[PDB]
Amino acid sequence: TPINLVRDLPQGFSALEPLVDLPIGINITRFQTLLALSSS
Amino acid sequence: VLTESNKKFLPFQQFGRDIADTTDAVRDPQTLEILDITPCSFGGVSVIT
Ligand SMILES: *[C@@H]1O[C@H](CO)[C@@H](O[C@@H]2O[C@H](CO)[C@@H](O)[C@H](O)[C@H]2NC(C)=O)[C@H](O)[C@H]1NC(C)=O
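Residues numbered from 1 in each chain as written, not as in the entry; some residues may be left out. Chains lettered and ligands numbered in written order. Part of a larger assembly, values for the part shown. Heavy atoms only, no water.

cryo-EM is the method the PDB entry states for this structure, with the resolution given as 2.55 Å.

Right under this line is the structure:
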């Protein structure tokens, strides 16, 4: 959904359709995002 | 009775349920098309004499 705001969550309503169902069945207990990529 | 359905099933949707948990619309596994389901006609028979 296109949103002009980039600093605050917008106001409205939209439903998310599924994209894929992965039949894996692990522990996921913790997760981390992968950003694009400290002396000086 | 199977009939061509004008319902726009989303790509991930296959079945169409009614209030009674009955499928009133299905998607054919072979051809990706949606068919309405309507039960065969029924009713009481009254004998006038
Ligand atoms: C999923 O993996 C986690 C690994 O953390 C397991 O969690 C441990 O499960 C045992 C159960 O006997 C606990 O004694 C541990 O305290 C749990 N570890 C942590 C860090 O919480 C788990 O067994 C696996 N299955 C389930 C249902 O969680």
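Draft legend 1. Up close: the overall build of chain A. Assigned secondary structure in chain A consists of zero helices and zero strands. Its C-alpha atoms put chain A at 45 × 35 × 15 Å along the principal axes. Scored against the burial criterion, the 40 residues of chain A give a buried share of 0%. When the accessible surface of chain A is split by element, carbon and sulfur atoms take 58% of a total near 5,100 Å². (Helix = DSSP H or I, 4+ residues; strand = E, 2+ residues; numbered from the N terminus. Buried < 20%, exposed > 50% of the residue type's maximum accessible area, 1.4 Å probe, protein only. Areas by Shrake-Rupley, 256 points an atom, 1.4 Å probe, with all protein chains shown as cover.)

Draft legend 2. Geometry of the sheet that holds strand 3 (residues 23-27) of chain B. All names here are of chain B. Spatially, the four strands line up as an open sheet ordered 1-4-3-2, and their pairing is antiparallel. On the outer flanks of this sheet lie strand 1 (2-4) and strand 2 (16-17), each paired with one strand and no other. Here strand 2 runs beside strand 3; their pairing, made up of two bridges, is antiparallel. Following the sheet pairing, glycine 16 is matched in strand 3 by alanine 25. (Pairing = 2+ DSSP bridges.)

Draft legend 3. Region of interest: the side chain of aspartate 28 of chain B. Residue and element names in this part refer to chain B. Turning to its location among the elements, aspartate 28 is positioned in the loop between strand 3 and strand 4 (34-37). Buried within the structure, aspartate 28 lacks any salt-bridge partner; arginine 27 is the closest side chain of opposite charge, at an N-O distance of 8.7 Å. In this structure the side chain of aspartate 28 is engaged in a polar contact, spanning 2.7 Å, whose partner is the backbone nitrogen of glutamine 30. (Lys, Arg positive; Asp, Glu negative; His and termini not counted. Salt bridge = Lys/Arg side-chain N within 4 Å of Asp/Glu carboxyl O. Polar contact = N/O pair within 3.5 Å; in protein donor to acceptor, adjacent residues only side chain to side chain.)

Draft legend 4. The arrangement of unusual backbone geometry in detail. All names here are of chain B. Look at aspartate 21: it is not a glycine, yet its phi comes out positive at around 60°. With respect to the helices, strands and loops of the structure, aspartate 21 is situated in the loop between strand 2 and strand 3. Using a relative accessible area of 54% as the deciding quantity, one classes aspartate 21 as exposed.

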